[PDB]
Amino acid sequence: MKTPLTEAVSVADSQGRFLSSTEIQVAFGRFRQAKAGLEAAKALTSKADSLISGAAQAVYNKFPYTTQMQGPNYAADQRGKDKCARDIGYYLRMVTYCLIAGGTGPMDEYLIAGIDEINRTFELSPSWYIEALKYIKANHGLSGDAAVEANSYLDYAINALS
């Protein structure tokens, strides 16, 4: 996974080395960042519902056809609207995980890897999700380091999808 702690350990192990000042400085970096990161995960969790509906709605606004084209890849019916909110949920949940762990790792492993095949297979447009992430950025209401780190994971998802 990609997180400061487990990456410190992996390089060391791949080099057959005990850990040294370098890896300790990595942990220092992580532990100081964690104060902001954990607080940020908390705040995101307590706005979960609002951020999710908001975002879904934002996507439907930018892309109205999605709320009315017949067919399983769109959100013309309850089924599709539920799937869409579910997926957005997933993106937000991952973003919390990344804040907690201090790296993209959880998103890389649970969400990013293979996303391309899913969207190609099920004919979901990355554009749609990008709008959802943009909205979460504009509306999470975080500030200071919490905001900077959280956005880093939101833009990371965005980059992944473009």
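For every residue, the number given is its place in the sequence shown, counted from 1.
- Once the C-alpha B-factors are averaged per stretch, 98 to 106 and 117 to 125 rank with 117 to 125 first.
- The PDB entry reports B-factors from which the mean C-alpha value can be compared for 150 to 158 and 135 to 143; the larger average falls on 135 to 143.
- Per the deposited coordinates, the residue with the largest Cα temperature factor out of 130, 41, 112, 26 is 41.
- Among the modelled residues of its chain, residue 82 has a C-alpha B-factor that falls in the middle third according to the deposited record.
- Among all modelled residues in this chain, the alpha-carbon of residue 30 has a temperature factor (C-alpha) in the middle third.
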